[PDB]
Structure formats: structure tokens, C-alpha cells
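Source file: my_file-v3.cif (mmCIF, C-alpha atoms)
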data_final
#
loop_
_atom_site.label_atom_id
_atom_site.label_comp_id
_atom_site.auth_asym_id
_atom_site.auth_seq_id
_atom_site.Cartn_x
_atom_site.Cartn_y
_atom_site.Cartn_z
CA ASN A 111 -6.45 -14.82 10.56
CA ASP A 112 -4.59 -15.37 7.28
CA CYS A 113 -1.46 -13.35 8.13
CA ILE A 114 -0.29 -15.59 11.02
CA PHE A 115 2.29 -18.32 10.41
CA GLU A 116 3.77 -20.90 12.77
CA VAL A 117 7.42 -21.38 13.72
CA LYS A 118 8.19 -25.01 14.56
CA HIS A 119 11.11 -26.99 15.97
CA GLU A 120 11.21 -30.80 16.23
CA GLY A 121 7.44 -31.03 15.81
CA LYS A 122 6.51 -28.47 18.50
CA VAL A 123 5.18 -24.95 18.03
CA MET A 124 7.54 -22.28 19.42
CA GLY A 125 5.77 -19.12 18.28
CA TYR A 126 4.21 -17.14 15.46
CA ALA A 127 5.34 -14.75 12.73
CA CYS A 128 3.18 -11.99 11.26
CA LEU A 129 3.07 -10.04 7.99
CA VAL A 130 2.62 -6.29 8.56
CA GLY A 131 3.07 -3.78 5.76
CA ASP A 132 5.94 -5.01 3.59
CA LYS A 133 8.01 -6.72 6.31
CA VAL A 134 7.98 -10.04 8.18
CA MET A 135 8.61 -9.84 11.93
CA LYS A 136 9.73 -12.65 14.24
CA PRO A 137 10.68 -12.38 17.94
CA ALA A 138 14.43 -12.76 18.38
CA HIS A 139 14.27 -15.12 21.37
CA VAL A 140 12.08 -17.72 19.61
CA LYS A 141 13.86 -20.77 18.19
CA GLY A 142 12.98 -22.82 15.12
CA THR A 143 12.19 -22.28 11.46
CA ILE A 144 9.20 -21.18 9.38
CA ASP A 145 6.92 -23.84 7.89
CA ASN A 146 6.27 -21.92 4.65
CA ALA A 147 8.68 -23.16 1.99
CA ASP A 148 9.19 -19.70 0.47
CA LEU A 149 9.50 -17.64 3.66
CA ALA A 150 12.07 -20.09 5.06
CA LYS A 151 14.58 -18.98 2.39
CA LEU A 152 14.70 -15.31 3.46
CA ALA A 153 17.74 -13.72 5.06
CA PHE A 154 17.08 -11.84 8.29
CA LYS A 155 18.62 -8.93 10.15
CA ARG A 156 18.90 -9.05 13.93
CA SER A 157 18.82 -6.44 16.68
CA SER A 158 19.08 -7.51 20.31
CA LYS A 159 18.22 -3.96 21.42
CA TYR A 160 14.52 -4.61 20.68
CA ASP A 161 14.41 -8.45 20.38
CA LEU A 162 13.28 -8.11 16.75
CA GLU A 163 14.23 -9.73 13.46
CA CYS A 164 12.77 -8.59 10.13
CA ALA A 165 12.93 -9.38 6.42
CA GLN A 166 11.42 -8.17 3.14
CA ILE A 167 8.16 -9.72 1.87
CA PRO A 168 8.33 -11.19 -1.65
CA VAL A 169 6.18 -9.49 -4.26
CA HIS A 170 3.55 -12.20 -4.82
CA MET A 171 2.43 -12.29 -1.16
CA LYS A 172 1.87 -8.54 -0.63
CA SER A 173 -1.92 -8.77 -1.07
CA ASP A 174 -2.14 -10.76 2.19
CA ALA A 175 -0.50 -8.14 4.44
CA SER A 176 -2.45 -6.44 7.23
CA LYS A 177 -2.94 -2.70 7.71
CA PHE A 178 -1.36 -0.66 10.50
CA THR A 179 -1.58 2.67 12.31
CA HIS A 180 0.19 4.51 15.13
CA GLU A 181 -2.72 6.21 16.93
CA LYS A 182 -3.44 4.85 20.42
CA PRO A 183 -6.60 6.35 21.93
CA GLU A 184 -7.95 4.94 25.16
CA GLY A 185 -10.51 2.18 24.74
CA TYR A 186 -10.83 -1.57 24.28
CA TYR A 187 -8.95 -3.76 21.80
CA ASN A 188 -9.33 -7.35 20.62
CA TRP A 189 -6.93 -10.25 20.16
CA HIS A 190 -6.95 -14.01 19.59
CA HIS A 191 -7.92 -14.89 23.18
CA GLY A 192 -10.41 -12.09 23.81
CA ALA A 193 -10.43 -8.37 24.61
CA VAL A 194 -7.53 -6.35 26.00
CA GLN A 195 -7.94 -3.10 27.94
CA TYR A 196 -5.74 -0.06 27.27
CA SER A 197 -5.62 2.67 29.92
CA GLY A 198 -2.81 4.73 31.39
CA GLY A 199 -0.32 3.85 28.67
CA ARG A 200 -0.34 0.14 29.55
CA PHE A 201 -1.97 -3.05 28.27
CA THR A 202 -3.81 -5.28 30.76
CA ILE A 203 -5.32 -8.75 30.28
CA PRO A 204 -7.44 -10.81 32.72
CA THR A 205 -5.39 -13.28 34.75
CA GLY A 206 -5.06 -16.80 33.38
CA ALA A 207 -5.16 -15.89 29.68
CA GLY A 208 -1.93 -16.65 27.85
CA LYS A 209 0.71 -19.36 28.22
CA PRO A 210 4.33 -19.86 27.14
CA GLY A 211 4.74 -20.53 23.44
CA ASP A 212 2.01 -18.08 22.35
CA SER A 213 4.31 -15.10 21.74
CA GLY A 214 4.07 -13.07 18.55
CA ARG A 215 0.30 -12.59 18.52
CA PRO A 216 -0.96 -9.27 17.14
CA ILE A 217 -3.27 -6.89 18.96
CA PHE A 218 -5.99 -5.41 16.75
CA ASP A 219 -7.94 -2.15 16.82
CA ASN A 220 -11.65 -1.88 16.02
CA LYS A 221 -10.92 -1.70 12.27
CA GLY A 222 -8.41 -4.56 12.30
CA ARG A 223 -5.25 -2.43 12.33
CA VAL A 224 -2.12 -3.64 14.14
CA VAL A 225 -0.98 -1.59 17.13
CA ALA A 226 1.38 -3.88 19.11
CA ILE A 227 3.11 -7.26 19.30
CA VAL A 228 3.07 -9.15 22.62
CA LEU A 229 6.35 -10.64 23.89
CA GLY A 230 5.70 -12.07 27.35
CA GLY A 231 4.02 -10.57 30.37
CA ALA A 232 4.29 -9.84 34.08
CA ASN A 233 2.90 -11.62 37.13
CA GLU A 234 0.22 -9.97 39.28
CA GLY A 235 -2.71 -11.30 41.27
CA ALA A 236 -5.95 -10.21 39.60
CA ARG A 237 -4.73 -8.64 36.34
CA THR A 238 -1.67 -9.14 34.15
CA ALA A 239 0.47 -6.31 32.77
CA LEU A 240 1.81 -7.08 29.31
CA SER A 241 5.24 -6.50 27.80
CA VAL A 242 4.85 -5.21 24.24
CA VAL A 243 6.74 -3.77 21.30
CA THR A 244 5.08 -0.82 19.57
CA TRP A 245 6.07 1.91 17.14
CA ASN A 246 5.80 5.59 16.26
CA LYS A 247 6.79 7.82 13.36
CA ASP A 248 10.17 6.56 12.09
CA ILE A 249 10.99 4.80 15.41
CA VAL A 250 10.33 1.62 17.36
CA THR A 251 10.38 1.23 21.13
CA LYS A 252 10.30 -1.60 23.67
CA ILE A 253 8.07 -1.13 26.73
CA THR A 254 8.67 -3.67 29.52
CA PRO A 255 7.00 -3.43 32.95
CA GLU A 256 8.69 -4.54 36.15
CA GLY A 257 8.58 -8.30 36.66
CA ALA A 258 7.90 -9.19 33.02
CA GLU A 259 8.80 -12.74 31.99
CA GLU A 260 9.23 -14.34 28.57
CA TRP A 261 6.50 -16.47 27.03
CA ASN B 111 -16.03 11.36 -22.78
CA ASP B 112 -15.08 14.18 -25.16
CA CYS B 113 -11.54 14.79 -23.87
CA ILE B 114 -10.07 11.47 -25.13
CA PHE B 115 -8.44 11.13 -28.56
CA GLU B 116 -7.08 7.94 -30.11
CA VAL B 117 -3.49 7.37 -31.25
CA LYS B 118 -2.89 4.76 -33.96
CA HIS B 119 0.13 3.24 -35.69
CA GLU B 120 -0.12 1.52 -39.09
CA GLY B 121 -3.82 0.88 -38.52
CA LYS B 122 -3.44 -0.50 -34.98
CA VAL B 123 -4.58 1.22 -31.79
CA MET B 124 -1.59 2.05 -29.57
CA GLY B 125 -3.01 4.23 -26.79
CA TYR B 126 -4.93 7.35 -25.85
CA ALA B 127 -4.15 11.04 -25.43
CA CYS B 128 -5.94 13.24 -22.90
CA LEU B 129 -7.01 16.88 -23.09
CA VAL B 130 -6.73 18.18 -19.52
CA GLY B 131 -6.62 21.77 -18.29
CA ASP B 132 -4.67 23.85 -20.81
CA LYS B 133 -2.37 21.05 -22.01
CA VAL B 134 -2.52 17.93 -24.17
CA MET B 135 -0.74 15.03 -22.46
CA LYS B 136 0.56 11.83 -24.07
CA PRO B 137 2.83 9.13 -22.62
CA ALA B 138 6.29 9.24 -24.15
CA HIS B 139 6.68 5.48 -24.71
CA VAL B 140 3.67 5.13 -27.05
CA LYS B 141 4.37 5.29 -30.79
CA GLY B 142 2.09 6.51 -33.56
CA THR B 143 0.24 9.64 -34.63
CA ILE B 144 -2.83 11.50 -33.38
CA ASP B 145 -6.05 10.88 -35.31
CA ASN B 146 -7.23 14.49 -34.99
CA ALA B 147 -5.92 16.41 -38.00
CA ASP B 148 -5.40 19.63 -36.03
CA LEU B 149 -3.57 18.09 -33.05
CA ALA B 150 -1.13 16.26 -35.36
CA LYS B 151 0.30 19.64 -36.44
CA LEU B 152 1.41 20.76 -32.96
CA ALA B 153 4.98 21.01 -31.73
CA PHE B 154 5.75 18.83 -28.71
CA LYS B 155 8.25 18.94 -25.84
CA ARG B 156 9.74 15.87 -24.16
CA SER B 157 11.11 14.83 -20.78
CA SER B 158 12.41 11.28 -20.40
CA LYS B 159 12.60 11.60 -16.61
CA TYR B 160 8.79 11.44 -16.25
CA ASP B 161 7.86 9.67 -19.54
CA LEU B 162 5.68 12.63 -20.54
CA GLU B 163 5.03 14.57 -23.73
CA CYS B 164 2.83 17.67 -23.83
CA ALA B 165 1.70 20.51 -26.09
CA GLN B 166 -0.42 23.63 -25.75
CA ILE B 167 -4.14 23.36 -26.56
CA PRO B 168 -5.23 25.27 -29.69
CA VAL B 169 -7.64 28.15 -29.18
CA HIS B 170 -10.78 26.77 -30.83
CA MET B 171 -10.72 23.41 -28.98
CA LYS B 172 -10.43 24.77 -25.42
CA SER B 173 -14.16 24.29 -24.72
CA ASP B 174 -13.55 20.52 -24.42
CA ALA B 175 -11.05 20.78 -21.56
CA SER B 176 -11.81 18.90 -18.34
CA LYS B 177 -11.43 20.27 -14.82
CA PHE B 178 -8.80 19.10 -12.35
CA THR B 179 -7.77 19.32 -8.70
CA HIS B 180 -4.86 18.16 -6.54
CA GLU B 181 -6.63 16.92 -3.39
CA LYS B 182 -6.43 13.14 -2.93
CA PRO B 183 -8.32 11.91 0.14
CA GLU B 184 -8.57 8.21 0.86
CA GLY B 185 -11.64 6.56 -0.63
CA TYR B 186 -12.91 5.10 -3.88
CA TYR B 187 -12.62 6.32 -7.47
CA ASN B 188 -13.79 5.11 -10.88
CA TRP B 189 -12.39 4.66 -14.37
CA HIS B 190 -13.45 3.34 -17.77
CA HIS B 191 -13.00 -0.36 -16.92
CA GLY B 192 -14.45 -0.40 -13.41
CA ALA B 193 -13.70 0.82 -9.91
CA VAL B 194 -10.35 1.75 -8.37
CA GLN B 195 -9.58 2.07 -4.66
CA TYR B 196 -7.07 4.51 -3.15
CA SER B 197 -5.62 3.73 0.28
CA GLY B 198 -2.11 3.70 1.66
CA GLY B 199 -0.77 6.02 -1.04
CA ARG B 200 -1.39 3.52 -3.86
CA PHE B 201 -4.10 2.80 -6.41
CA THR B 202 -5.17 -0.84 -6.77
CA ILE B 203 -7.68 -2.75 -8.90
CA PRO B 204 -8.85 -6.37 -8.97
CA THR B 205 -6.74 -8.87 -10.88
CA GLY B 206 -7.65 -9.37 -14.54
CA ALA B 207 -8.75 -5.80 -15.26
CA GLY B 208 -6.53 -3.90 -17.67
CA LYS B 209 -4.79 -5.00 -20.87
CA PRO B 210 -1.88 -3.70 -22.98
CA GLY B 211 -2.83 -0.65 -25.03
CA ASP B 212 -5.16 0.89 -22.42
CA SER B 213 -2.48 3.24 -21.06
CA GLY B 214 -3.24 6.95 -20.88
CA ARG B 215 -6.72 6.63 -19.38
CA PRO B 216 -7.82 9.20 -16.78
CA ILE B 217 -8.96 8.55 -13.23
CA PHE B 218 -11.96 10.65 -12.23
CA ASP B 219 -13.10 12.05 -8.89
CA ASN B 220 -16.72 12.12 -7.72
CA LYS B 221 -17.29 15.51 -9.40
CA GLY B 222 -15.59 14.62 -12.69
CA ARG B 223 -12.17 16.13 -11.95
CA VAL B 224 -8.99 14.55 -13.30
CA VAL B 225 -6.55 13.27 -10.68
CA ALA B 226 -4.18 10.88 -12.47
CA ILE B 227 -2.92 9.28 -15.69
CA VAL B 228 -2.29 5.51 -15.56
CA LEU B 229 0.81 4.09 -17.29
CA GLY B 230 1.16 0.36 -16.56
CA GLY B 231 1.33 -1.45 -13.26
CA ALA B 232 2.62 -4.42 -11.31
CA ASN B 233 0.85 -7.78 -11.21
CA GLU B 234 0.36 -10.33 -8.43
CA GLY B 235 -2.23 -13.03 -7.77
CA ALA B 236 -5.34 -11.42 -6.28
CA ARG B 237 -4.65 -7.70 -6.84
CA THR B 238 -2.59 -5.39 -9.01
CA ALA B 239 -0.91 -2.08 -8.18
CA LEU B 240 -0.87 0.73 -10.73
CA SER B 241 2.08 2.85 -11.84
CA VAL B 242 0.74 6.38 -12.08
CA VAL B 243 1.88 9.89 -12.94
CA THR B 244 0.32 12.42 -10.55
CA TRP B 245 0.97 16.01 -9.52
CA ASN B 246 1.19 18.31 -6.52
CA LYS B 247 1.47 22.04 -5.89
CA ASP B 248 3.57 23.48 -8.75
CA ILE B 249 5.22 20.10 -9.53
CA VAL B 250 4.56 16.71 -11.11
CA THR B 251 5.73 13.40 -9.67
CA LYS B 252 6.03 9.75 -10.70
CA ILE B 253 5.12 6.83 -8.41
CA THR B 254 6.22 3.33 -9.44
CA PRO B 255 5.97 0.12 -7.39
CA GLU B 256 8.51 -2.68 -7.54
CA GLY B 257 8.13 -5.01 -10.51
CA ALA B 258 5.85 -2.75 -12.55
CA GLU B 259 5.50 -3.46 -16.27
CA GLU B 260 4.31 -1.26 -19.12
CA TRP B 261 0.88 -1.53 -20.73
#
Same coordinates, now as C-alpha cells:
Amino acid sequence: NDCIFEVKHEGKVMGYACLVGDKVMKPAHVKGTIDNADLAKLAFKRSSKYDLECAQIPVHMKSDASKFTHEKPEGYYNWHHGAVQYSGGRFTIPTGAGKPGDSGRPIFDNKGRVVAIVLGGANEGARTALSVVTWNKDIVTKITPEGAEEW
Amino acid sequence: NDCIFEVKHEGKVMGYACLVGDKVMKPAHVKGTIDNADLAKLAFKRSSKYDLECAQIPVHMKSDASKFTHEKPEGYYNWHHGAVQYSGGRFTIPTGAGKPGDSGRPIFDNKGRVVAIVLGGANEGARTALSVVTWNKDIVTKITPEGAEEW
């Protein structure tokens, strides 16, 4: 709720940035700048291999960072627009939820820990398969289902 | 309660020394002499890499030694000036607690065992992070966050 910041361009909202651990993450394909006067001055590194950019959080903001884990048991998870179902190694969301411009939203576990960042999604009749970026011990990985499109 | 001795310099209180296990421990950066007449006569060894000084406990005072362990599960702990929380590999306390000259205080477990000596910390708005000297199997180790300052 407090860890989400908006990225704007010419008055419109393009997407969100999130503070996790000690790093700031922003999707690579999203245009614009960060509204916060202090975060806007950070230098970023880019990698097109995962569509990620990251930077180091300044000291005085560390108390506002969210917690994270890597464990992914089967069950139900929550996010800004409702619940998301995890089964079979894939995230699914009821059709109609989510629109372009809402990329960068976290997915939370029951205790509020971050498990994934949503970057678009695929088209299917009754249920939507999501395209996500997740992590593991000392690695990151990009998981993209067939037919995924950018949001 | 009984294991803490006061170190003074020219009438002013500089810090505390702890009697733990079979050793007397004092932070290296604190000046002054030990109030106890017997302890002031001991020979000391120094290591500037860990900011520690220690000496062997004399025979007739050993009955005052506290117990200790090395296990550090996540949870809550207590100290002289309030509560301390341990999570994420760091010890943190609410902002405003702690003042210069209080260095050398123990952190206690639920059963009264010593787990750490506190030597300063880093300060931000809502919370502070402590700089601590801790130990592990057959070694000692020093953990210091970015921006820490001495107390």
C-alpha cells in the first residue's frame, strides 16, 4: 500500500515501481519518470534479457520496504484487484481483470510477502494466464506463456 | 543484573563491561578504567579487526558468570531499554531508544542467555538498525550496516 509509486509521462500513468528489500524495480518497457523527487535522481542498470531495471534504495527510506520469500506452495494469493490462483506452476486470474497501464503490481502471499511481479498476460476465453517475473536463490527467471501480450 | 560493571573516565561514565562465560569483554573504542578494584589489575589482549578487548575471569568471581548459547531463531528479544526484534538477519529497535554511552549492553534470550553485544547503530526516521558483535561455532563475527555510527 505504501511501497507502490507511480511512473508518469505527460500527465498520464504508465506503470508502477515497487520497493522490495534494498532495491527499486521498474519494468524495462515502461516509459516515463518517477514522481518522487529523490527516487528520480537514481542511476539505473538495464537488462533486456529479463525486462528489468534496478537501483539501490537510499538509506532513509529503508524502513518502508516490503518483505520477500522464495517459497511457492500451492494455494491462493491476493493482489490489488482481488485473489489470484496458483496451481500447476502457473498464475491464473479471472477474465476481465486487468488492463494496459497496470503493469508492475506485486502479488502477495498470506503474510504480505512478495512472490512475483506481473508484466502483461495472455488471452484465453474463461481464464487468463499471466506472464510474471519471479526469483530463486541467487537467480531470477522470466516465465512467459504462449500468447502473452504486454500491458 | 550482576554481570555488568561500569567503566568511568575522569568521573564520567563511558560505557559498560560484561562478564560472560569465562571471559570479560569490553569494547576497544571506549576509554577509561574499570571500577572494580580486582578487574583493573588484569592483563588484556586486543584485536582491532573486531573492536574487542578481553581478559580471563579471576577464580573467585566466576560464580557471577552468565550463560550463553549460539542459536538465533527469528523472533523477539529484550534488553535494558526495551524490546528488540530480530528478523531478516538484523536487530532493530524503535527510533529514539538508545543514547551515546550505552554501548556494551547485552541482549538476552527468553531463558536469560547472552546472544550479543551492541556497539552503536545506524539511524533513519522510523527505525534504527544496530551494529552488533555476535559469534558462531568456534568463531566470532562482526555485522555492520551501512551508515552506522558509534555510541
>> For a quick test of understanding: name the residues of chain B lying within 10 Å of chain A when counting only C-alpha atoms, and present them as a VMD selection string.
In response: chain B and resid 198 232 to 239 256 to 257
>> Report as a PyMOL selection string all protein, DNA and RNA residues lying within 7 Å of residue 142 in chain A, evaluated on all atoms listed in the file, omitting residues in the same chain fewer than 5 positions from it.
In response: chain A and resi 117-119+124
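In this model, the gap between CA of residue 242 in chain A and CA of residue 201 in chain A comes to 8.2 Å.
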> Care to translate the PyMOL selection byres ((chain B and resi 180-194) around 7) into actual residues of this file, as a list in words?
Replying inline: residues 179, 195, 196, 197, 201, 202, 203, 216, 217, 218, 219, 225, 245 and 246 of chain B
> Could you list as number ranges by chain every residue that has an atom within 10 Å of (10.8, -21.0, 19.7), using the file's coordinates and counting all atoms listed in the file?
Replying inline: A: 116-119, 122-126, 137-143, 210-213, 261
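The interatomic distance for the pair CA of residue 227 in chain A and CA of residue 111 in chain A works out to 15.0 Å.
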